[PDB]
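In what follows, a single structure is set out as C-alpha cells and then discussed.
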Amino acid sequence: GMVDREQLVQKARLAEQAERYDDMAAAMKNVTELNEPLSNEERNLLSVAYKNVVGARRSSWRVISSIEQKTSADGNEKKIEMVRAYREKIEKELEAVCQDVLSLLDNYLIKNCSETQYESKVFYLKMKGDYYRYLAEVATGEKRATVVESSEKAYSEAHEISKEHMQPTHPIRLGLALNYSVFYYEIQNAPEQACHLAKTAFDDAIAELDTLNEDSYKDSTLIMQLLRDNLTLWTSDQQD
Amino acid sequence: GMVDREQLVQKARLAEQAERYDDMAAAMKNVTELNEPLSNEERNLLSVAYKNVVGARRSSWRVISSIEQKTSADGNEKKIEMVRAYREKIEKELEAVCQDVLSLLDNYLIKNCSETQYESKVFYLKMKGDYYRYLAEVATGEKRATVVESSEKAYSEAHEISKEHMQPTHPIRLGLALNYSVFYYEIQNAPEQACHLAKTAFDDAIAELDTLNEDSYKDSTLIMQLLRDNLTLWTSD
Amino acid sequence: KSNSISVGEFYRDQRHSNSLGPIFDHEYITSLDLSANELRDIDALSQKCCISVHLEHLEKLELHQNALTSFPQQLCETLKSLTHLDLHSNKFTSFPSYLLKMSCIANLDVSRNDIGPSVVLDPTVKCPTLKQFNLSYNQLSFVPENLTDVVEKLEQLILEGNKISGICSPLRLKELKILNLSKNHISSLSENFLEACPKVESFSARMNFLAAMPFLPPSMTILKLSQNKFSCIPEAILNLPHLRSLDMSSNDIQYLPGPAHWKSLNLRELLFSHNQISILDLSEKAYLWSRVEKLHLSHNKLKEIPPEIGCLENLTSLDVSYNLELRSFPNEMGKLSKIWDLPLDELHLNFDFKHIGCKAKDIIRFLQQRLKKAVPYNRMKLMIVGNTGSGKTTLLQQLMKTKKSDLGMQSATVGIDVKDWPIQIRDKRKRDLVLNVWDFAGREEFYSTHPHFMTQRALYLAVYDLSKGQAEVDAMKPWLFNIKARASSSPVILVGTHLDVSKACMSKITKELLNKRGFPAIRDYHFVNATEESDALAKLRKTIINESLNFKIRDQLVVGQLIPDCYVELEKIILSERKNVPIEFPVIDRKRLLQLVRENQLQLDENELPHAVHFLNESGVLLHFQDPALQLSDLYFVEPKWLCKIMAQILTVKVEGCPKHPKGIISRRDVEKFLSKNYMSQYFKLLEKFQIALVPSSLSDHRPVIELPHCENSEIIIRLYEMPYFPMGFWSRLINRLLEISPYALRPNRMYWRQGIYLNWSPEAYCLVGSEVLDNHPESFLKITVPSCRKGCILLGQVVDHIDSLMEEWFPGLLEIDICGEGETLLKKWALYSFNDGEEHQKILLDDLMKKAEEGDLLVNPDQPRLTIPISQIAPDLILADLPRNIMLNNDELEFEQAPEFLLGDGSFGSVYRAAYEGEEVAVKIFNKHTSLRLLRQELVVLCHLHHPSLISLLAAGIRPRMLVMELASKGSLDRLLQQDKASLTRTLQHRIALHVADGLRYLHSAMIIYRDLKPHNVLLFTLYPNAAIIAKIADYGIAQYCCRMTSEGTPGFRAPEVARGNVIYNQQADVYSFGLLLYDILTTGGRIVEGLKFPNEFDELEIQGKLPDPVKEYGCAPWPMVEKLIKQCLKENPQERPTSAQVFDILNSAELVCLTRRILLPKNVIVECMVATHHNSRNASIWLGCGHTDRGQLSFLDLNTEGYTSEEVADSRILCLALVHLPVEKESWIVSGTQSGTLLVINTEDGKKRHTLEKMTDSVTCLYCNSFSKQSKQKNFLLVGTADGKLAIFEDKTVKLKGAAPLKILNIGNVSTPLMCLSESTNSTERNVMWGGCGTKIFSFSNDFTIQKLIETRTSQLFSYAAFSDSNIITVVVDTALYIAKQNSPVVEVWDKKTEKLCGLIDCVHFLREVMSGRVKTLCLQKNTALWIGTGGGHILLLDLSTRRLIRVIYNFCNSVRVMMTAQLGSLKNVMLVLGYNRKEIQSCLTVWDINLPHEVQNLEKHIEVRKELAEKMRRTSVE
Ligand SMILES: Nc1nc2c(ncn2[C@@H]2O[C@H](COP(=O)(O)OP(=O)(O)O)[C@@H](O)[C@H]2O)c(=O)[nH]1
C-alpha cells in the first residue's frame, strides 16, 4: 500500500532484481504521475521496464505471425481462425501498453521538459518514436500510415535536437541513430537512407573518440559495435 | 464432450510456442476440468506449463529472500518492511498458483485414475509432492510441518507404486526418485537419506541398462546425469 | 532481426540443486569350381555316368586346394578340349605324365604339389599345346628332362621355390617368354644353359647362389636376380640390347659400371638395394640413361650423389635412404620434377624435413629454387630463459648495447618480448649474422605457453641470480630439464647475473651436480655483472657469437645454411611489411600475402608458399599454423611479439564480479580491447586451441580429498611414470589432451586438479591420473590407477597411449635412450604389483621394459614360482587385452607356420601369409619391426570398430610374435582378375563389385573416414559367382596406416586432380574420383593399366585432367555408356560438383542401372513417334525411326554401333508408324511404312532407291504389324495395316515386292468415327497365334480365319469411377493370361479376361504415382511372361508384375516425358528394350537403351539389398555388445 515516490522507485528496484516487469511498469506509471521531472536513474528504470514489457509481447507477436504465415498455406479454417484470434489478442495487448506509454510521454514527460533540458526531450522523443514503431509493426493500412508519420515526425525532431546540442559520441544520440535507422530499414523500406544516417553517425563518433573519457569511451563502443554490425548486415546484401 | 477440447489443446500448443505460460495454464486447467483422462502429451504440457509459471515465481522468491537476508543486517526499517511486503506478495502469488494446481490435481486428476493405471497415478503423486515441497520452500511453522507431511505421504505412495509395478529405468520412476531425493536433502535436511535413495535408484537403473531400447536410452540417461550430479554434489564434504 | 537497443537497458548493463528439467522427448557350361570342397578322390567322375559326355567341352576347371592324389588316367582321356587345367595343393607324389595326352591343353597349373625328387617326362607323348607349365614350389631335384622333346611351344615355365641342386640340362627349348628359378638351391648355370632360347624376356632367378650369366641372349627384357652372392655384375648382362629392368637387391657388390658399359637404350628400373656401393658414376655420359625411371639405392654406403643425376629426367622413384652418410642432395635434381616418391629414412640433411608436408615433391622444388640462386642464411635463435626474475631484461638490454634504456625501472616480462638485433662482426668474415632474442617469462604463471616456442634450432641461455647462491641454482634444474626435453642437441650457456651483490662457490655445484647428469650440453658458463659494460660482457659476447657459429647440429653448420634467394627476398618483404601492419591486429590474411607476393617480382607459386612459411617460422619471423584442427591457416602472424604479448594477457588478469565459477574456470566472455583497429573471433578461440586455457594454469594447485570406491590392492592396478621433473607444458597439455576417454554414453564426473583428473563413471570404472611425491625421493611421479575390470583395462590402454603420445610428440628429449653412459632414458615407467591378494603391505616395482621383454610367456612369476600373477591384470597395455574380447589371438588353435613361402602366396613376396584358424583358412599378416606396439594398437583400436560386410574384418591378433589375422581373399586382389582373368568378367559382376566398394565408401564416409587410397590392388575379392551376398572387399588397412603415421599421396595412376597437385586439402570427392577411376578400369577390364605400365608419366599426366578417352573407342568392350555418365559426373575437376558417395551408391543401388545400357541424344529439334528394331541381322542391329517435326514424311535411319543419324525425306505426308517384314528367300528385309495420306510405302534394307508404294489407302495409317502364320504347312508371314477406319489391308510376306500389292483379306472392322490404332500378338504359340487388335474403344480378335472372334466392349463398365477414362479411343493392348487396355489420356489401366470377358482388375497409375512425390499413360509394353511396363506421360517408369504384386519399382529423375516403349536385340546382347524420352530445358528426344534381362535381377538384386541391409544391421550388435 506504499504510495510515495521513494517507496515506488525502490519497489521498481526490487522488481528489476525480481524479474517481474509488470509491477515495475505500474511503479513508473505512478512515479511519472507524480508529475516530477525524472532523474537519470528513474528514467533508466522506466525505460528498461517498459522496454521489457513491450519486448515480451513483441516476441510473442512475431512468433505467432510466423506460425500464421506457415499455416496459411495448408488452409484449415479452424486453425487459422484461432491463430488470428490469438494474434488479435496479442495485438490488442500491445496497443494497450503502447497507448499507455505514448499518453504518458505526451502528457507528462515532454510537457514538463524545459527548453534547456535537451537530453531529456530527446530521450522522450526517442522512446515515443520507438513505441510508434512497435505499433506500426502490427498496424496495417491507414492506422499504419498515421503511426509511421507520427514516428517519423518524432524521430526527425529528436535527430534535429540531437544534432544541435548533443555531441555525436553521446550514447543517447547513438541509440537514437540506431533506432532511426532501424525505422528507415524496416518500416520505410529505404535501406539507403538508413545506411547513410548510420554511416554519418559512425564517422561523427570516429571524429570525437580521440578525446573521450574511458567511462564515456566504453559507453560509446558498446553501442558502436552494434551499429557497425547493423551496417555490415545491411551492406552485405546489396545489388547482386 | 460439450466443449471443444482440440481447440484448447491447440491453443496451449501455440502458447508454448509463444511463451505465454499463463494462457496455457488456464487452457490446460479448463481441459482437465472437462473431466476426462488426459493423454501423455496433454498431461506433460500441463506439467511444463504449470512448472514454468510456478518456477518463475520460485526464482523471484529466492532472489528477494536473498536480498532480504543481505539487507536485514543494515538495520533499515523502511528497506526491511518494503522487502518483507514484496516477499509476502510473491508468496501469496505462489500460494494462489499452488492451491490452484493442488485442487486441480486432487479434485480432478488423481480421482479419475483406475487401479491398473500405474503411470498416471505415479505421475500425479509426483506432481503433488513437487508442489507440496514448493510450498515448503515458502511455508514456515506448523503449516510448514503439515505441507512436508503431505509431501512425504504422497512421495511414499508414488515411490511404492512405481517400485512395485514398474522398472527402475522408466523416466517417470527415476524422476520420482530425483524429486524424492531432493525433498529429503533440501526440505528434510537429511543428506544421508537423500543419498541412500539416490544411489538405490542409480544402481537399480544400472542393473538393467543392457536391454534398454535406444529410444528410452537418452530419456533415462539425460536425467540419470542429474541423479549422479546431485550425488556428487551432496557427498562433497 | 535488426539490432535495436533500449539505451536504458544499455545503462542497466550457485547451482544449489538439480531437479526435474522438462526433457519431454518431442551351350555346355565351361567353368566349374571345385576348390573349396575337400575332395580326397575324383574317381567318381571318371566313370561312364550321365555327366561323362558333358565333360568333353570344359576348357576350364579348378581342382586346387583339395586333397586329390594320383589324378585318374580315365578322366584325363575323358575330355579332349580342356585348355585351363588348374589344380594345386593336391596331395600327389609324382607327375602323372599322362595328363599331357589330350589334344589341345594349356595353362596346366600345378603350383604347390609335393612332386617327387624327379619329374622326368615320358617321351611317348608329343603334345606342344602347353603354354604354362607351372612347377611352382615343388620338392624337385632336377628340371624335367624331356621338356625339349615333348612340349615345344612352351612359353611360361615357372619352377620357383624348388630344391633343384645339380646343374640342369642345356634346355633346348625355343619358345620361352618368362623364366623363373626363384628360391632354388643352384650352384651355377652351364655355358649352354640359355644358348638355345632366343626368345626369353623375363628370366628371374631369386634367392639362389649364382655367380655369372652364361651368354644371355639379346632377347632379354626383364631380369630378376636379387638375393645372390656376387662381387660385381658380370658383363653378360652389360651387353643385352633390349634389357628393360634389373633387380639386383640383397647382393654384395662394390662397383656399378657407368653408362658406357651397359650398351642398352631401354633401361627403366634399376634395383641395387642392400648392397655396398661407394660411387654412383654418372660423369662420362649422363644422357645415356635418359629413360631410366626407377633407381633404388637404399641400405648402401653412398658417399654423395653426383651432380650429373640432374640429366635422367625420366627418374620417377628414387631411393637413397638408410645411407647414414649422404648429408647432401645436389641442387641439380630440382630439374627432375617427375618424382612422386623419395623416402628420407635414416639420413640427415642440411635442412629440416617432414614438418607437415615434404611429400617428396616440395623437396624437388626447394632444390630447384636453390639451384636458381643459393645464398647463405644467418638467423639463429637466442632464447633467454630465467626463473621468476634474474638478469634477463637487464642482461639483454646491455648485451644489445642499447644506450638509451629509457625506462629507469623496467617491469616484469610478459609473454616472450621477441626482439631482433643485428651483429656485424668487425673481422675478416663479413658475415653479418642477425639472430632473434626471446626473453621468455620468468614468472611461473606463464609456464604453460613457453614449450610452444622451444625449437630444436636455438642457442638457449639461462640466468642464475647468484645473490641466492648454491640455493637458487637448485631451482633452475627444471629449466635445463625442459631444454633437454624440447631440444636435445641445443647448446645452453648458463650465465651468472650478480657479482656486485656479494657466494661465488656456485661453480663447484654447477660442475659437480648440474654439469653432465641427464642435462643438456652445457657448453660454457659465465658470471657477468649484467649492470654495466665490462670485460666480462665482452667475453660473454665473444662466447655467444663463437657458440652460435659452431652450432653444427648433425655437423651441418646452421649459422651458414644454404637456401634459395627467393627465401631471402620473401623474408625481406615480410620484414618491410612488419612496419606497415595495423598495431591493433598485426595478423595478415592469406589474400594479403598473395597480394604482397604479386606486388613484387617473387618466383614462388601457391605451392612453394607452404614450405617457405614453415622454414621462415623455424627461423623466427612469422608463426603460421597449418594444422587442420586449428582452423586458422588463413591467418598469418607477422611480428609475433604482438601475438605472444596478447596470448599471455589472460594468464595475468582475471576479474569476476561474483564467484560464479571456481578459480581456474572461466566462462566464455569477450573483451573488446582494441576497437576497429576486422574483429575476428578465430584468434579468440585459438586462445583455447593452443591448449593454453577453463584455465589449467592457476587451477586449485592443492589436490582435493578423494576416496576410491575400492582400494583392496587387488581389484586396482597402478602404473608409475617416475621422471626427474614434470615439464612446464606437460600437466596442462596432458589434462587437455585427455579431454574425454571413452570406455567402449553419459559424460563422467570430471575433476580438474592442477596435476590430476580423476574422471569416473561408476564404482566399476575410474581413472586417476594423479601426481604424488614419495618421501625420500626428490623425483616427481605420475601415479595412474584404474580398476581391474574390462572397462578399466580399456581406460588404462587409452590413457597410457595418450600420455606416451604426448611425450613422444612434444618432449623427444626424455623418451630417448642415451647410449652414452647408461640407458637412463629419464622416464622410468614403473609398474606396481602385489603377490598377496589384498593387504599385501607393499607394492613391488618392476620396470616396464623388462616386463615387455617377458613377452615369451603370458604369466609372470617371482623366484618363488608357486604363486603367480597374470600380466594382463598388472599391465593390460603390453598384452593386447584392452580391446574388445572377441579379437583375442587364441594361439592354441592357430595352425600357423611362418617358415614356408608357399603359404606366402597372398601377395608377391609380401608380408601377408596363409594359415588355419578356428578350422577355416585365413590370411595372416606378419608385422615387421617398423610398426611399434603403440602404433600397432593405435591401428587396431580404430580397426576394431569398422565391421562392414564389403570390408576386410579383423578376426584375431596377438603377441609372440606380432601379427594380424584378417579374412582370406580366396580370389585375391581385383587387379590380377582384371588383368589376366577378364573372361570371368561378364558385364554383370562389375556392377556388384562397384556396389560393394560404393557401400564401403558410403559407410566409411558416414564414419567421417575417407580411404584416400583406392586402387584395384585394394579391392579384395572372395567369389566370382555374381549372385552372391559378399563379393567385393576393400582393405581397411590403408586408412589405419594413414592415420597411424602422418602412401597418403596416393598412387600416381589412380589419383584425384586435387590430391596430386597438393594445393588444396583433400575430401571425399577424391574418393569419388578414385571410385570413378575404378569404374573406368573395370569397364576397360584392365585396359588402361596395361597401357600405363609401359608409359607411367603419361599414364599419370593424362588422367590428372578430366580428359580420359572414350572407353568404347580406345578399348574393345561393351559400351554401357550409362555408367560412363556416372564416371563423367565423378570425373569432374570441381570437387563439390562430383556426387557424394551416398548418391552414387543409391543410383547404383537401383537395379535398373546395370540393365540400362545407354542413352542417345538425337540432334537438335526433331520429333519422332515411331520405331522398329532389326532382329534378323543380329550381328549388328540398327534402329529405324520416323519423323514428326515435318508434316511430310522423312525416314530417319539411325545406327547403334556408330550412333550415326541420317534423315531422308520419303513421303509427302508425315509417317506415323513403321514395320519390318523379312523374307527368308532372296535374303532381304523390306521396310514398309504408313502415313496420314494412306500411302503404304515399301523400301529395301540396303537399297535406298528401290521404293514402290502400295495401294493408296483412303485414310491415315495408324499401325503396321508383321505376324507369324505358318498355316500353309510352311514358313509363311502376312502383313497387317492399322488405319483410321478399321479396314484391314492384310498382305502376304512375298507380295510386298510388286507395286501396289493386292490385299488378301480386306477387313473393314471399324467405322469413320471408330478408327483402329493398335495391334498385338499372342504370348504363346499353342493357340495358333490368336491376334488381338483394338479399334476405337472395343477390343476384337481373329485367327487364320480372319473373322471377328470377339466383340468385347469396354465403355459399358459397371465400376464407373470416371467416364472418359473408359469412353475414349484405345491406345495399347497386350495379349497374356489377362488383357491390359489403356485409353487415350487414361492414367488407369483396365484388366480384362479372354474367356469371361470381365474387368478382373483396374490398376491406376496415379494410385502409385502420388505416393512417391501431370502423369498419365503414354505407351505400353509387356514382357514374355514376367513383368509389365507402363510408360507414364512424365519421366517415371513403373515395373508391373502381373503375377502377384502390382508395383515393383518406380524409376524417375532420368527424363521428363516417356514417348516410346518397345524392345529389341543387339549384338550378342539379345533382348534389350528401348525408350526415347525427353529432357526439356526445344525438344530433345533422348533415345535410351535398357536391357530387358532384369525382371529376375530387378527382384534378385533387391533380394541382395534386403539381405544386404539385414547383415549391415545385424552384426553391428558386435559394436553394442
Ligand atoms: N641492484 C642490482 N639489481 C639487479 C642486478 N642484476 C639484476 N638486477 C635486477 O633484476 C631486475 C631484472 O628484471 P627481470 O628478471 O629481467 O624481469 P623478468 O624478465 O620478468 O624476469 C632489474 O629490476 C634489476 O634491478 C644487480 O647486479 N644489482
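The chains in the C-alpha cells are called A, B, ... from first to last as shown; in each chain the residues are counted from 1, and the ligands are counted from 1 in the order shown.
All residues of protein, DNA or RNA that reach within 10 Å of residue 826 in chain C, judged by only C-alpha atoms and not counting those fewer than 6 positions away in the chain, are residues 481, 485, 518, 519, 721, 722, 723, 724, 725, 813, 814, 815, 816, 817 and 818 of chain C.
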* Pull out every residue of chain A that has at least one atom within 7 Å of chain B, counting only C-alpha atoms, and report them as a PyMOL selection string. => chain A and resi 18-19+60+63-64
Generate a file of the selected residues that holds C-alpha atoms, formatted as a compact mmCIF listing (two decimals), in the first residue's frame.
# COMPACT_ATOMS: atom_id res chain seq x y z
CA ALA A 18 12.92 -9.84 -9.22
CA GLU A 19 12.35 -10.21 -12.99
CA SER A 60 5.04 -13.45 -28.87
CA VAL A 63 6.33 -15.94 -33.29
CA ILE A 64 2.56 -16.08 -33.79
* Residue hits in chain A, query chain C, radius 10 Å, only C-alpha atoms, as a VMD selection string -> chain A and resid 16 40 to 52 123 126 to 127 130 171 to 176 178 to 183 185 to 186 218 to 219 221 to 231 233 to 234
Residues from the last selection, C-alpha atoms, saved as a short mmCIF file (atom, residue, chain, number, x, y, z; two decimals), in the first residue's frame:
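Writing done, so here's selection-v5.cif:
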data_model
loop_
_atom_site.label_atom_id
_atom_site.label_comp_id
_atom_site.auth_asym_id
_atom_site.auth_seq_id
_atom_site.Cartn_x
_atom_site.Cartn_y
_atom_site.Cartn_z
CA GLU A 16 14.23 -5.35 -11.60
CA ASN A 40 18.71 9.59 -14.84
CA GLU A 41 18.19 6.52 -12.65
CA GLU A 42 14.39 6.64 -12.54
CA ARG A 43 14.34 7.40 -16.26
CA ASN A 44 16.53 4.36 -16.88
CA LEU A 45 14.23 2.20 -14.75
CA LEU A 46 11.14 3.38 -16.64
CA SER A 47 12.89 2.76 -19.95
CA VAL A 48 14.04 -0.78 -19.14
CA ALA A 49 10.75 -1.80 -17.54
CA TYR A 50 8.63 -0.68 -20.47
CA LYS A 51 11.18 -1.97 -22.98
CA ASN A 52 10.95 -5.44 -21.45
CA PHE A 123 15.29 10.70 -24.82
CA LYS A 126 13.32 8.61 -28.72
CA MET A 127 11.09 6.15 -26.93
CA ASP A 130 10.29 3.54 -30.75
CA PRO A 171 25.17 7.31 -26.11
CA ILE A 172 21.62 8.69 -26.22
CA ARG A 173 22.24 10.20 -29.65
CA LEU A 174 23.78 6.96 -30.91
CA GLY A 175 20.81 4.93 -29.71
CA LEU A 176 18.52 7.43 -31.41
CA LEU A 178 20.27 3.15 -34.35
CA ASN A 179 16.51 3.19 -33.78
CA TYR A 180 16.00 5.78 -36.53
CA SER A 181 17.97 3.60 -38.94
CA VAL A 182 16.01 0.52 -37.88
CA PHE A 183 12.84 2.51 -38.57
CA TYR A 185 15.20 -0.03 -42.92
CA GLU A 186 12.22 -1.94 -41.53
CA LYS A 218 33.08 2.14 -23.33
CA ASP A 219 29.56 3.58 -23.39
CA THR A 221 31.79 1.49 -28.03
CA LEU A 222 29.12 -0.84 -26.64
CA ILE A 223 26.71 0.93 -28.97
CA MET A 224 29.22 1.41 -31.79
CA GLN A 225 29.99 -2.25 -32.43
CA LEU A 226 26.27 -3.00 -32.67
CA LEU A 227 25.90 -0.07 -35.07
CA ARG A 228 28.72 -1.47 -37.20
CA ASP A 229 27.06 -4.90 -37.16
CA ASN A 230 23.84 -3.29 -38.40
CA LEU A 231 25.78 -1.54 -41.17
CA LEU A 233 24.33 -6.71 -42.23
CA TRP A 234 22.69 -4.01 -44.35
#
* Taking only C-alpha atoms and all ligand atoms into account, which residues are within 7 Å of ligand 1, as a ChimeraX atom specification? -> /C:386-394,409-414,439,441-443,497-501,529-531
Take the residues just selected and output them with N, CA and C atoms as a PDB file, in the first residue's frame.
ATOM      1  N   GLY C 386      64.752 -17.633 -17.894  1.00  0.00           N
ATOM      2  CA  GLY C 386      65.088 -17.451 -16.492  1.00  0.00           C
ATOM      3  C   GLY C 386      64.047 -18.013 -15.545  1.00  0.00           C
ATOM      4  N   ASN C 387      64.018 -17.534 -14.300  1.00  0.00           N
ATOM      5  CA  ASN C 387      63.079 -18.058 -13.308  1.00  0.00           C
ATOM      6  C   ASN C 387      62.700 -16.938 -12.343  1.00  0.00           C
ATOM      7  N   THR C 388      61.480 -16.418 -12.494  1.00  0.00           N
ATOM      8  CA  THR C 388      60.835 -15.556 -11.507  1.00  0.00           C
ATOM      9  C   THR C 388      61.556 -14.219 -11.383  1.00  0.00           C
ATOM     10  N   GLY C 389      62.660 -14.064 -12.098  1.00  0.00           N
ATOM     11  CA  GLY C 389      63.432 -12.846 -12.021  1.00  0.00           C
ATOM     12  C   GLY C 389      64.915 -13.116 -11.949  1.00  0.00           C
ATOM     13  N   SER C 390      65.654 -12.558 -12.899  1.00  0.00           N
ATOM     14  CA  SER C 390      67.099 -12.699 -12.953  1.00  0.00           C
ATOM     15  C   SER C 390      67.641 -11.692 -13.951  1.00  0.00           C
ATOM     16  N   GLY C 391      68.929 -11.749 -14.240  1.00  0.00           N
ATOM     17  CA  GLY C 391      69.453 -10.878 -15.268  1.00  0.00           C
ATOM     18  C   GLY C 391      69.004 -11.313 -16.648  1.00  0.00           C
ATOM     19  N   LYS C 392      67.716 -11.142 -16.960  1.00  0.00           N
ATOM     20  CA  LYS C 392      67.211 -11.414 -18.302  1.00  0.00           C
ATOM     21  C   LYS C 392      67.038 -10.135 -19.111  1.00  0.00           C
ATOM     22  N   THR C 393      66.170  -9.238 -18.654  1.00  0.00           N
ATOM     23  CA  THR C 393      65.966  -7.998 -19.388  1.00  0.00           C
ATOM     24  C   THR C 393      67.128  -7.042 -19.178  1.00  0.00           C
ATOM     25  N   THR C 394      67.662  -6.979 -17.957  1.00  0.00           N
ATOM     26  CA  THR C 394      68.836  -6.152 -17.722  1.00  0.00           C
ATOM     27  C   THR C 394      70.056  -6.683 -18.456  1.00  0.00           C
ATOM     28  N   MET C 409      63.100   1.834 -14.527  1.00  0.00           N
ATOM     29  CA  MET C 409      62.717   0.638 -13.771  1.00  0.00           C
ATOM     30  C   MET C 409      61.792  -0.169 -14.683  1.00  0.00           C
ATOM     31  N   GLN C 410      62.364  -1.149 -15.378  1.00  0.00           N
ATOM     32  CA  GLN C 410      61.614  -1.943 -16.345  1.00  0.00           C
ATOM     33  C   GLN C 410      60.835  -3.037 -15.625  1.00  0.00           C
ATOM     34  N   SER C 411      59.540  -3.127 -15.917  1.00  0.00           N
ATOM     35  CA  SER C 411      58.650  -4.014 -15.185  1.00  0.00           C
ATOM     36  C   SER C 411      58.861  -5.463 -15.617  1.00  0.00           C
ATOM     37  N   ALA C 412      58.052  -6.349 -15.042  1.00  0.00           N
ATOM     38  CA  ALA C 412      58.223  -7.777 -15.258  1.00  0.00           C
ATOM     39  C   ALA C 412      57.885  -8.159 -16.693  1.00  0.00           C
ATOM     40  N   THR C 413      58.616  -9.144 -17.215  1.00  0.00           N
ATOM     41  CA  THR C 413      58.424  -9.589 -18.590  1.00  0.00           C
ATOM     42  C   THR C 413      57.130 -10.379 -18.721  1.00  0.00           C
ATOM     43  N   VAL C 414      56.337 -10.043 -19.731  1.00  0.00           N
ATOM     44  CA  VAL C 414      55.076 -10.715 -20.013  1.00  0.00           C
ATOM     45  C   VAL C 414      55.111 -11.206 -21.452  1.00  0.00           C
ATOM     46  N   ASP C 439      63.328 -13.210 -24.774  1.00  0.00           N
ATOM     47  CA  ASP C 439      63.393 -13.253 -23.320  1.00  0.00           C
ATOM     48  C   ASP C 439      62.088 -13.792 -22.754  1.00  0.00           C
ATOM     49  N   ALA C 441      59.284 -15.681 -20.197  1.00  0.00           N
ATOM     50  CA  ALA C 441      58.694 -15.133 -18.982  1.00  0.00           C
ATOM     51  C   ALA C 441      59.237 -15.864 -17.762  1.00  0.00           C
ATOM     52  N   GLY C 442      59.817 -15.109 -16.832  1.00  0.00           N
ATOM     53  CA  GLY C 442      60.344 -15.717 -15.625  1.00  0.00           C
ATOM     54  C   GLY C 442      59.264 -16.259 -14.711  1.00  0.00           C
ATOM     55  N   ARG C 443      58.168 -15.522 -14.562  1.00  0.00           N
ATOM     56  CA  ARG C 443      57.140 -15.896 -13.600  1.00  0.00           C
ATOM     57  C   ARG C 443      56.478 -17.211 -13.990  1.00  0.00           C
ATOM     58  N   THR C 497      74.485 -13.463 -13.017  1.00  0.00           N
ATOM     59  CA  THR C 497      73.992 -12.110 -13.241  1.00  0.00           C
ATOM     60  C   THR C 497      74.204 -11.177 -12.056  1.00  0.00           C
ATOM     61  N   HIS C 498      74.941 -11.595 -11.028  1.00  0.00           N
ATOM     62  CA  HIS C 498      75.024 -10.790  -9.811  1.00  0.00           C
ATOM     63  C   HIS C 498      76.410 -10.970  -9.200  1.00  0.00           C
ATOM     64  N   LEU C 499      77.319 -10.060  -9.531  1.00  0.00           N
ATOM     65  CA  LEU C 499      78.635 -10.010  -8.912  1.00  0.00           C
ATOM     66  C   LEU C 499      78.839  -8.793  -8.026  1.00  0.00           C
ATOM     67  N   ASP C 500      78.143  -7.686  -8.295  1.00  0.00           N
ATOM     68  CA  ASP C 500      78.202  -6.545  -7.389  1.00  0.00           C
ATOM     69  C   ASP C 500      77.561  -6.883  -6.050  1.00  0.00           C
ATOM     70  N   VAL C 501      76.591  -7.796  -6.055  1.00  0.00           N
ATOM     71  CA  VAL C 501      75.929  -8.236  -4.827  1.00  0.00           C
ATOM     72  C   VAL C 501      76.675  -9.485  -4.364  1.00  0.00           C
ATOM     73  N   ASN C 529      78.365  -9.376 -14.633  1.00  0.00           N
ATOM     74  CA  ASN C 529      77.710  -8.491 -13.676  1.00  0.00           C
ATOM     75  C   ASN C 529      76.324  -8.069 -14.143  1.00  0.00           C
ATOM     76  N   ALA C 530      76.130  -7.928 -15.456  1.00  0.00           N
ATOM     77  CA  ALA C 530      74.833  -7.581 -16.042  1.00  0.00           C
ATOM     78  C   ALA C 530      74.278  -6.275 -15.478  1.00  0.00           C
ATOM     79  N   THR C 531      75.152  -5.298 -15.238  1.00  0.00           N
ATOM     80  CA  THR C 531      74.703  -3.968 -14.844  1.00  0.00           C
ATOM     81  C   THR C 531      75.378  -2.881 -15.673  1.00  0.00           C
TER      82      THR C 531
END
* Residue contacts of range 186-200 of chain C (6 Å, only C-alpha atoms) excluding same-chain residues fewer than 4 positions away, as a VMD selection string -> chain C and resid 165 170 172 to 174 176 to 178 208 to 210 214 217 219 to 220
I need the residues from that last selection saved to file as a short mmCIF file (atom, residue, chain, number, x, y, z; two decimals), in the first residue's frame (with C-alpha atoms), if you can.
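Final output, saved to again_17.cif:
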data_model
loop_
_atom_site.label_atom_id
_atom_site.label_comp_id
_atom_site.auth_asym_id
_atom_site.auth_seq_id
_atom_site.Cartn_x
_atom_site.Cartn_y
_atom_site.Cartn_z
CA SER C 165 70.61 -78.70 -56.71
CA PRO C 170 71.06 -77.14 -71.66
CA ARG C 172 66.91 -76.95 -75.86
CA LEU C 173 63.57 -75.14 -75.95
CA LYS C 174 62.93 -72.25 -78.32
CA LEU C 176 60.22 -69.34 -73.81
CA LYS C 177 58.90 -65.96 -72.74
CA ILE C 178 59.45 -65.89 -68.96
CA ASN C 208 69.84 -68.70 -55.14
CA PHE C 209 73.64 -68.93 -55.07
CA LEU C 210 74.71 -67.88 -58.56
CA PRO C 214 76.30 -67.88 -69.35
CA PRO C 217 70.67 -63.89 -75.39
CA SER C 219 66.17 -61.20 -76.37
CA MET C 220 66.11 -60.41 -72.64
#
Which neighbours of residue 1470 in chain C fall inside 10 Å, counting only C-alpha atoms, when residues of the same chain fewer than 6 positions from it are skipped, and could you give them as a PDB file with C-alpha atoms, in the first residue's frame?
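Output (around.pdb):
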ATOM      1  CA  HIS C1175      16.441 -58.835 -85.268  1.00  0.00           C
ATOM      2  CA  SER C1178      21.599 -59.965 -85.101  1.00  0.00           C
ATOM      3  CA  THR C1463      12.128 -53.922 -77.046  1.00  0.00           C
ATOM      4  CA  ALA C1464      14.877 -55.177 -79.357  1.00  0.00           C
ATOM      5  CA  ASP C1491      18.220 -54.399 -71.465  1.00  0.00           C
ATOM      6  CA  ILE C1492      15.111 -56.472 -70.512  1.00  0.00           C
ATOM      7  CA  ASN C1493      17.001 -59.359 -68.700  1.00  0.00           C
TER       8      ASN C1493
END
Go through chain C and flag each residue having an atom no more than 10 Å from chain B; for those, report the closest pair of atoms plus their distance in Å to one decimal, using only C-alpha atoms, ordered by chain and rising number, as CSV.
residue,atom,partner,partner_atom,distance
C:15,CA,B:233,CA,9.7
C:16,CA,B:233,CA,8.7
C:17,CA,B:230,CA,6.9
C:18,CA,B:226,CA,6.4
C:19,CA,B:179,CA,6.4
C:20,CA,B:175,CA,6.4
C:21,CA,B:223,CA,8.0
C:22,CA,B:48,CA,6.5
C:23,CA,B:219,CA,7.5
C:24,CA,B:44,CA,7.3
C:25,CA,B:219,CA,7.2
C:26,CA,B:41,CA,9.4
C:704,CA,B:236,CA,9.9
C:705,CA,B:236,CA,9.3
C:706,CA,B:236,CA,9.4
C:745,CA,B:221,CA,8.0
C:746,CA,B:221,CA,6.6
C:747,CA,B:225,CA,7.9
C:748,CA,B:225,CA,8.9
C:749,CA,B:229,CA,7.9
C:761,CA,B:228,CA,9.3
C:762,CA,B:203,CA,9.4
C:1520,CA,B:210,CA,9.5
C:1521,CA,B:210,CA,9.1
